[PDB]
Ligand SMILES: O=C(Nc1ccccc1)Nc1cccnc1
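One chain follows as structure tokens, the form solved without the named molecule.
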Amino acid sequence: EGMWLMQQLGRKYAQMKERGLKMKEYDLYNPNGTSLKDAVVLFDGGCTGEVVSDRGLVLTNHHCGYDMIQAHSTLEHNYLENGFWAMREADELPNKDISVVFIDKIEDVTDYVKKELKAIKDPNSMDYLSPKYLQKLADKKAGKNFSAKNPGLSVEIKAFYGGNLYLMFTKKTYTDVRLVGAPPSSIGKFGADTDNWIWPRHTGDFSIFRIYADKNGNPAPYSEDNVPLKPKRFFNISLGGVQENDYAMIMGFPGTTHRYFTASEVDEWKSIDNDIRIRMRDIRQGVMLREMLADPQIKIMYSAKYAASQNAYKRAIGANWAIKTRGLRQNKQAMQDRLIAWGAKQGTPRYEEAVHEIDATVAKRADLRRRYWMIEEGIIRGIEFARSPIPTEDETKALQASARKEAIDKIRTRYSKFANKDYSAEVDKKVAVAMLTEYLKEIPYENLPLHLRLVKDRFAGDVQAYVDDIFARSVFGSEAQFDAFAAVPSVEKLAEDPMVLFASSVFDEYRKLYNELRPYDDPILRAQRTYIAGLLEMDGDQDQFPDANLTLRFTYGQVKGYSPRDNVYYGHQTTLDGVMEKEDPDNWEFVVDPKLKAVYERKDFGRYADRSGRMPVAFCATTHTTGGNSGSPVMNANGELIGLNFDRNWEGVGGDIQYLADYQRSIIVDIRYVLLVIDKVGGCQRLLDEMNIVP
């Protein structure tokens, strides 16, 4: 059920041992010595990775190394669709703007931070959560010249439990991380968008990198003279596999959770955040689908935007299903009622007062938050011409010297980015007409962005006429209209431009709403400090984990399937047979790599097939993961790598508020399938040879 601090391993070890953990406590996490924790990395600031060899070889997800695979892909060498397999270390490709972070040391600095905070004076100061304040405290504790005296190292203090616990992290950052291997996109992204958040899953979501360092193993930026890093710890790869009920554990960097949400925050998340996103994205996607189906060129241009909009749309449907069916609201209400009853018995009213504060803040910001999500989903992300060019003060105070020509070239560059190869003005007019019709129905005249008042005032409520007029009269309505403006540019024309007035107007309202809503975050945050303090003083930091905050956590559970609906069971493991079942050569998402199809046909599975002779692909577990856990190592009872976490099922997206024991599963790619692809698809024996594989 939790994403536990490394400090909490001692207090959990007995339960983990009872659940099947066989390895020694300090072999997994040692606060003053080398442990498995030392083989886990924060890959590129978002994902998780793991060192799997004495030469700094790193495994992470395909979707984690995707941008690096794309940056090295050309028409001649398409590594994104064909995969990449460096046959020698010298062929491994460097990547600009990449990093891996090791968590060298972690220390509890709560009493230190709390004593330093006593000098605040203002009781409403948000410095207790300030990265700038906490960094000044971190520097004070580590030393004046710490990073110079210890090169490659850095320190960081973070708040936990709403400001009730502080930890200082000593981090080692490496920035020369080279691409080593990757399967074709047909394996690394088999499900593509259709199987996103879906279990059963048949995706071989992996990519291989290598950490490079100076001659002494110290961090260094890219240099042709850099040598592979020899790390203090790396994972052994297990080929024993997984069985139903086997103990499994994960270490990674989960980003965010909302485990201490009040019932009023769950109602708000449902009725504002989720309902608006679901409603507006359904209108948007519905118009895009009609147009993509009727024009193959519109399908080419809008496919990525349609898919990108569907991602959080699906997430919201999954989250709303949990709120409706799993009693998320009720369990938060039972949590706060229990604390309020305990606080009454103790004579301490501050907990009930803190919950009341959160409820009152949520109730007070309701109309503003609704208006914010309405403009964000409806216009800011719903209508493409909302992001059309807005002339800067420097650009207008240049049009009215040959600085007119420089201003027009800056505006033209922005206009070409807006109206690009994938932009259709006709599709955008249709999307805007349906999105604005819904927006104008939900937001009243007095609350409208100033230009949208023209729908009622100038166009007699004709949204189609208003949108037609924007394009017919705007200098950004067509290339010919822009070139006619660029030939005779007047600031007066730009000041009255219907598209510029629309774009400026909707961005004014969006910022006015954001700035009005920001002050409401602080009272909730301060009240959460008292609320979480109350929950911990009552039931303890034992069965209630601190919210995820992009810091190193461990989670444990078992390899186990689940029943999604009545009379249906999804088992714990997928096989290569499921990939072949899903094959569709006329659907880009489900095309099967010919080399992999041949391996399956010839049953050339080597030492990677299971006891039944079937080739495993992926498995699922009752571990508690969220975003940030992509690429996380999955370990055996002995701490051996059995897979890489790459997703979680949709029935568990509400797991960031309330973990769902009977539905929530981590979707992991089986390490045996990883090695099978490296071996039989990539032919990269050198990678297999440098890993320590156990029978």
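So that there is no doubt, residue numbering starts at 1 and follows the sequence shown.
We do not show the form solved in complex with the named molecule, though everything after this point is about it.
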Among the candidate stretches 229-237, 88-96, 298-306, 258-266, which one is within 4.5 Å of the named molecule in the entry with it bound when only heavy atoms are counted? 298-306
Listed residue that, although the named molecule is not shown, lies within 4.5 Å of it in the entry with it bound (heavy atoms), from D468, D193, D139, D337: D193
Only hit among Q330, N311, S130, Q346 for heavy atom within 4.5 Å of the named molecule in the entry with it bound is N311
Contact with the named molecule in the entry with it bound for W588, defined as at least one heavy atom pair within 4.5 Å: yes or no? yes
